[PDB]
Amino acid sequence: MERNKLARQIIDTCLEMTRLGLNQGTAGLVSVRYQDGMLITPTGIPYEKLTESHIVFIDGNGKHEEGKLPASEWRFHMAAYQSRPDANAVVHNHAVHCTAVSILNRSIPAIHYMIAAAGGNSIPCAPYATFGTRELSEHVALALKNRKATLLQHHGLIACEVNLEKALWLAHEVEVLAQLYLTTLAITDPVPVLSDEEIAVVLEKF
């Protein structure tokens, strides 16, 4: 649990997140909780050129390491960590199906029992706000109060969990749910969903 181990995993998560086709416009950003702030992917360096010595450390004040620029979308990583104390890893990306549902400005409702992996009966879509600003972070923070993933209108996805492995898995899982909403949405509207009672049983079960 040395800095460098965490820096390798973030790099492995970038490489695996690209494997699954979740990191397409090279929009992916990965962060882990560390010390009193986080370890995050920097700006500029496309994943395959990424070395442990590239990962930037940002403190709880928001001050960063001298000589390294943090990702350009870093402050909502900090908002997610502050709003959800249990999160230890954050995943961001412009995966195409999530973003497609985020352009229609819709929540993804309980069309499948795995919807409960993010804490409830949906995956909400937070309102649009210029990237990198504080107003964007307020939206993310409000949205993650009772869910672990959220779409961000006209933009993409933020997923958070106990570690990188689950966070990656949750982001991947939201994409599949996304895709399923869009494919069935083209045929019928609304889409058949599981009732709130059914979703409370599944939640208990997990």
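Residue numbers here begin at 1 and follow the sequence given.
Asker: Could you check the entry and say whether 16 to 24 or 180 to 188 has the higher mean CA B-factor?
Answerer: Looking at the record's C-alpha B-factors, the answer is 16 to 24.
Asker: Do the CA atoms of 73 to 81 or those of 120 to 128 have the higher mean B-factor in the entry?
Answerer: Result of the comparison: 73 to 81.
Asker: Taking the Cα B-factors listed in the entry, which of 162, 174, 56, 50 comes out highest?
Answerer: Of 162, 174, 56, 50, 50 has the highest C-alpha B-factor.
Asker: When you compare the CA B-factors of 45, 40, 141, 158 as listed in the entry, which one comes out on top?
Answerer: Across 45, 40, 141, 158, the entry lists the biggest C-alpha B-factor for 45.
Asker: Quick check for you: using the entry's CA B-factors within this chain, is residue 33 in the lowest, middle or highest third?
Answerer: Middle third.
Asker: Ranked by Cα temperature factor within the chain, is residue 61 in the lowest third, the middle third or the highest third?
Answerer: Residue 61: CA B-factor falls in the highest third of its chain.
Asker: Could you tell me which third, lowest, middle or highest, the C-alpha B-factor of residue 148 occupies within its chain?
Answerer: Bottom third by C-alpha B-factor.
Asker: Determine, from the deposited record, the chain-internal third of the Cα B-factor for residue 166: lowest, middle or highest.
Answerer: Middle third, going by the recorded CA B-factors of the chain.
Asker: Where does the C-alpha B-factor of residue 134 rank in its chain, lowest, middle or highest third?
Answerer: Ranked within chain, residue 134 CA B lands in the highest tercile.
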